[PDB]
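Engineer: pasting an experimental structure, sequence included:
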Amino acid sequence: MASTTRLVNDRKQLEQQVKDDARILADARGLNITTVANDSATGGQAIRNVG
Amino acid sequence: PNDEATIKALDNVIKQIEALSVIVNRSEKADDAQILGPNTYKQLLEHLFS
């Protein structure tokens, strides 16, 4: 029970902080949206009324 | 308990924590401004009489 028993939590906090400041400064470069089309047809068997 | 595993775990944890606390964030981007090269006017044709 000393300062050596606080290393794992220290690493957790350090990891979270590094993940945050690695993204605050990263540049924002937006991409161009493409591949948009109507390709969601639905199949099945017809009714074919008899008479 | 084996006393040769605790030392290895402590080594790994210390080394990882210290490798995490050395990396720094620094950028050198420029500004969105332009250069604004020189230019001159040009006159259009005109007709004159009196």
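Structural biologist: It's in. Numbering: from 1, shown residues only, chains lettered A, B, ... in the order given.

Engineer: spell out which parts of chain A neighbour chain B.
Structural biologist: A:4, A:7, A:8, A:10, A:11, A:14, A:15, A:18, A:21, A:22, A:25, A:27 (C-beta under 8 Å from any C-beta of the partner chain). All C-beta spots, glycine's among them, are computed from the backbone N, C-alpha and C.

Engineer: which among the residues you listed end up buried?
Structural biologist: With burial judged by 16 or more other C-beta atoms under 10 Å in any protein chain shown, the buried subset of the residues of chain A next to chain B is residue A:11.

Engineer: helices of the chain, start to end?
Structural biologist: All of this refers to chain A. A:7-24 (DSSP state H).

Engineer: not what I meant, chain B
Structural biologist: Using DSSP H, helices in chain B cover B:3-20.

Engineer: please list the residues of it that sit near chain A.
Structural biologist: B:10, B:13, B:14, B:16, B:17, B:20, B:21, B:23, B:25, B:27, B:29.

Engineer: at 6 Å instead, please
Structural biologist: Contacts of chain B with chain A, taken as C-beta under 6 Å from any C-beta of the partner chain, map to B:13, B:17, B:20, B:25.
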